[PDB]
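Chains 1 and 1' supply the protein sequences, listed in that same order. A prime marks a further copy of an entry chain.
For what it's worth, the entry's author numbering labels the leading residue of the first sequence as 143, then goes sequentially.
For what it's worth, the entry's author numbering labels the leading residue of the second sequence as 285, then goes sequentially.
Structure first, commentary second.
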Amino acid sequence: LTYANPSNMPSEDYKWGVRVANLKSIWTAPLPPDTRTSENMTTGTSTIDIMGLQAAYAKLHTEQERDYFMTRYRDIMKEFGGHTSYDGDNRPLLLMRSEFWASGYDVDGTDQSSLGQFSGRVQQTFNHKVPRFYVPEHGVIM
Amino acid sequence: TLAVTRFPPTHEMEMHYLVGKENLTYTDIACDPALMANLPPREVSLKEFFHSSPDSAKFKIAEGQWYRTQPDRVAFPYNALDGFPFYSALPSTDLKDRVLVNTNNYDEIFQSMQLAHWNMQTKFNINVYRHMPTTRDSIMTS
């Protein structure tokens, strides 16, 4: 999202915020669309290079990995056994994360017409704790 | 019983492969395990290792060999100095010759010499146990 100014983002993207991804299903987490279903190695007319073939496989491997898991530098790095500071790739630092399921209770209708009818009331008490944190430089915590 | 005196192959003009080969590709600089572990030996020239050497004198190296090793390094201030047991001259275009040591490139390291490059004075204390006649029983027709 290379939006320059909020006056550039879709009305509802900046009203309620941009759309997050659905929870992993089979159809809701397809393989990367640019995912190769085949790979050609230009061969000779009546011979193939047994050693070239080998190599062909080594390259496709490196490609496949980038496609499926290391689409991120910080990611192609980690698989090298190294690490990259959130300062190497200018990524906001995730300080804390809370997740929970919100619930509530049903309200029973009791008049002549809506007796046997209910309305679910979702009241969920939650709490989130961001442990003390040392701010290296000036910035915002979102 | 034979002797052989040698000096480590320190040339005054050997350059680090990666620093002598101009454009660095992903394969040369990343040291991707998958790659190094799976393509043919690389044919290189005395030119990717020595500062003036012909593009034409080739030899086959193992991919990523430049990452398993490190040449010795001799400052230019030296290559103009006789008295240092180093390799001044350039290699020998030819494989063989440029491996089996080039003795002559050590002539300049010594002062005067009618005792070659090296001389030795040793007392060979041998002891053989036989079943020999004897000194008197051989000269004793008897």
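We put the CB at the ideal spot given by N, CA and C, even for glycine.
Handout entry: Per DSSP, cross-strand counterpart(s) of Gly159 (chain 1)
Key = Its beta-bridge partners do not exist; DSSP assigns none.
Exercise for the section: Report back the beta-carbon spacing between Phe334 (chain 1') and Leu374 (chain 1') to the nearest angstrom; my notes put them in contact at under 8 Å. Expected result: 6 Å
Exercise for the section: Could you work out which residues of chain 1 lie near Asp316 (chain 1'), taking near to mean beta carbons separated by less than 7 Å? Expected result: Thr204
Problem - Boundaries of the beta strand (DSSP E) in which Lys220 (chain 1) is found, first to last residue - result: Not the beta strand (DSSP E): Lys220 (chain 1) falls in the alpha helix (DSSP H), residues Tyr215 to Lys220.
Handout entry: Cα-Cα separation, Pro324 (chain 1') to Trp350 (chain 1')
Key = 15 Å
Problem - Nearest neighbour of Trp243 (chain 1), chosen from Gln266 (chain 1), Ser255 (chain 1) and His225 (chain 1) [CA to CA] - result: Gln266 (chain 1)
Problem - Local conformation of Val249 (chain 1) per DSSP, three classes - result: strand
Practice task
Output the boundary residues of the alpha helix (DSSP H) element that contains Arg208 (chain 1).
Solution key: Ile192 to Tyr210
Practice task
Put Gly304 (chain 1') into one of helix, strand or coil per three-state DSSP.
Solution key: helix
Problem - Cβ shell of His270 (chain 1) (< 8 Å), same chain only, five flanking positions each side left out - result: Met238 and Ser240
Handout entry: Within 7 Å, strictly: CB atoms of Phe260 (chain 1) and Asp253 (chain 1)
Key = no
Handout entry: Completely contained beta strand (DSSP E) runs for the stretch 339-425 of chain 1', where each covers 3 or more residues
Key = 342-345
Problem - Nearest-angstrom Cα separation, counted from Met297 (chain 1') out to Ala198 (chain 1) - result: 36 Å
Practice task
Using a cut-off of 8 Å between C-beta atoms, extract the partners of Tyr199 (chain 1) located in chain 1'.
Solution key: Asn322
Problem - Chain-ordered chain 1' contacts of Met193 (chain 1) [CB-CB under 7 Å] - result: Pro324
Handout entry: Short CB-CB distance (under 7 Å) between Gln196 (chain 1) and chain 1'
Key = yes
Handout entry: Nearest-angstrom Cβ-Cβ length linking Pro369 (chain 1') and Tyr390 (chain 1'), presumed shorter than 8 Å
Key = 6 Å
Handout entry: Any C-beta of chain 1 under 7 Å from that of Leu302 (chain 1')
Key = no
Practice task
Taking 7 Å as the cut-off, decide whether the C-beta atoms of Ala171 (chain 1) and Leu319 (chain 1') are in contact.
Solution key: no
Exercise for the section: Can you have a look at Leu330 (chain 1') and say buried or exposed, based on whether 16 or more other CB atoms are within 10 angstroms of its CB? Expected result: buried
Exercise for the section: Would you decide whether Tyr371 (chain 1') is buried or exposed? Buried here means 16 or more other CB atoms lie within 10 Å of its CB. Expected result: buried
Handout entry: Other residues of its chain near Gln354 (chain 1'): CB distance less than 8 Å, five sequence neighbours each side excluded
Key = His300
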